[PDB]
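Taking the form deposited in one PDB entry, here's one chain by itself in structure tokens.
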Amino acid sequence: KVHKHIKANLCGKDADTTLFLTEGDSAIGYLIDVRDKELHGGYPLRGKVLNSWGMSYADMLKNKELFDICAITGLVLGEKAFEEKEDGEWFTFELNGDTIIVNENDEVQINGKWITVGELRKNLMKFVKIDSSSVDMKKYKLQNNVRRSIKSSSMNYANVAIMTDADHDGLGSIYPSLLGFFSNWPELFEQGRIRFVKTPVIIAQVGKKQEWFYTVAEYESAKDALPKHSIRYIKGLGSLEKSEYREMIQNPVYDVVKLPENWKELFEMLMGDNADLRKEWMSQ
């Protein structure tokens, strides 16, 4: 019953629905027209997200855009969001040469698509029986050919694709703050359920075709290598784009976020009470 939540038609059902947390009402105005009406959502945040590292699960649920996100997605703090199934059987897919060990209920990638292994069992393909104790989690998780089937979940949106402005504030202050908030469930960054929707920060008009540069750093690596560019700096995600919004939504370039082994150390150094770790982190 959130006021600004733009619900999807299939939100709450079993589908590849997506949430589209922006960082303002302005950036979401063009979403309701160009989004897929079956699997696409949207909730505008309000400025910088609260730094929610180290806080208990009672002060996080006091910011407006930290209780609204929790209620819209159906996630509940302090509880496991997913529920995996059994992991008895094993199989081999042999895709692009590498040996992908899969289970009886997994989800493989086909050029960026998600298809269940159980349905793929109907056709023979390359399924080869292998023994147990072949837990090659990182081996098949590098490009995510294995997602454990969810027995039960209270998640309305089975995607939390984050799109914000590509400026420094919207890329180094709202991006990692939301990453740290969603870090409270260390399973979203395990099946590629947290995604970054890349947004052009600069559009040049070289020739008669518009050239897109997603980050300022990327732009300042071909500036004096590009012919007669008349660039437009995009500060706001949805308020400097008219039909580029439609192209970037219907033809998106996502980045699924994966947590390394020592993610806690990185988050604590970036989002922590000790300000001396950041002085020794920015100096290198």
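Each form is matched to the other, and the largest set of C-alpha atoms that superpose within 1.5 Å is called the rigid core. For every residue, the number given is its place in the sequence shown, counted from 1.
Although it is not shown, the form deposited in another entry is what the next lines describe.
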Legend entry - Threshold 2 Å Cα movement between the shown form and the other one at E84, rigid core reference: no
Inset, instruction - Determine whether the C-alpha of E187 shifts by 2 Å or more between the shown form and the other one once the rigid core is superposed. - result: no
Legend entry - After fitting the core, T73 CA displacement of 2 Å or more between the shown form and the other one: no
